[PDB]
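Any read-out appearing in this document is the output of simple, stated calculations on the displayed coordinates, not a laboratory observation. Please note: Cβ atoms are built from the backbone with ideal geometry, for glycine as well, and neighbour counts cover all protein chains shown.
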Protein chains: 2
Amino acid sequence: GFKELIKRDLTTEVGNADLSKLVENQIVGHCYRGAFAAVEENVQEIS
Amino acid sequence: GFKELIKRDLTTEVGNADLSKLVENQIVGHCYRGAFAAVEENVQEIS
C-alpha cells in the first residue's frame with residue numbers, strides 16, 4: 001500500500017546574481033517526488 | 001607608517017543582462033583595498 005514516486009532527486013542550480021549590488025548567485029535546490037500511503041496497512045499502538 | 005592593503009587588485013566581471021530589452025551584460029569592476037596612514041610621519045607646510 002506504500003509507493004514512492006521519484007521523477008527527479010535533489011538538483012541544485014546557481015544563478016540570478018545581481019552584479020549591480022555585488023550579491024552572489026542564488027543557490028537553489030529542487031526535487032520532484034511523490035508519496036502514496038494508506039490506512040489499509042497500519043495499526044496504531046499505544047506504548 | 002604608510003602601508004597599502006590589497007585583497008583584490010581589480011576584478012572586472014560581466015553579469016546579468018536584460019535579454020527582453022536586448023541589453024548587453026553589465027560590466028562591473030570592483031576592488032577590495034585599504035590604506036593605513038599616520039600623523040607620526042608628516043609635517044604640513046604653508047607656501
Qualifying positions in region A:14-30 - away from chain B (no Cβ under 11 Å) and among the hydrophobic types (A, V, I, L, M, F, W, C): A:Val14, A:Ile27, A:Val28
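Scan region B:34-44 and give yes if some residue there is touching a residue at least 24 places away in the same chain (Cβ under 8 Å) and either within 14 Å of chain A (Cβ to nearest Cβ) or charged (D, E, K, R) (or both), otherwise no.
Initially, region B:34-44 is screened for residues touching a residue at least 24 places away in the same chain (Cβ under 8 Å), giving B:34-38, B:40-41.
Imposing the further condition that a residue be either within 14 Å of chain A (Cβ to nearest Cβ) or charged (D, E, K, R) (or both) reduces the set to B:40-41.
There is at least one residue in region B:34-44 that is touching a residue at least 24 places away in the same chain (Cβ under 8 Å) and either within 14 Å of chain A (Cβ to nearest Cβ) or charged (D, E, K, R) (or both).
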If a residue has to be more than 17 Å from the chain's Cα centre (by Cα), polar (S, T, N, Q) and more than 24 Å from B:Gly29 (Cβ to Cβ) to count, how many in chain A make the cut? 3
Inside region B:7-24, can you point out the residues that are surrounded by fewer than 10 Cβ atoms within 10 Å (Cβ to Cβ) and either more than 18 Å from A:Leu22 (Cα to Cα) or small (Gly, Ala, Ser) (or both)? B:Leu19, B:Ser20, B:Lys21, B:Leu22
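Looking for whichever is touching a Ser or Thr at 6+ places or on another chain (Cβ under 9 Å) and of a type in the set (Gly, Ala, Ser) here; the options are A:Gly34, A:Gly29, A:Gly15. Which one fits?
Details: A:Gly34 fails: touching a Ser or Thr at 6+ places or on another chain (Cβ under 9 Å); A:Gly15 fails: touching a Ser or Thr at 6+ places or on another chain (Cβ under 9 Å).
Result of the check over A:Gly34, A:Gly29, A:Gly15: A:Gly29.
Taking region B:25-42 as the region of interest, how many residues are surrounded by fewer than 10 Cβ atoms within 10 Å (Cβ to Cβ) and either among the hydroxyl-bearing types (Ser, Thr, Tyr) or under 23 Å from A:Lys21 (Cβ atoms) (or both)?
Taking region B:25-42 and keeping what is surrounded by fewer than 10 Cβ atoms within 10 Å (Cβ to Cβ), we get B:29, B:34-36, B:38-41.
Adding the requirement that they be either among the hydroxyl-bearing types (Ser, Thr, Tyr) or under 23 Å from A:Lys21 (Cβ atoms) (or both) leaves B:29, B:34.
Qualifying residue count, region B:25-42: 2.
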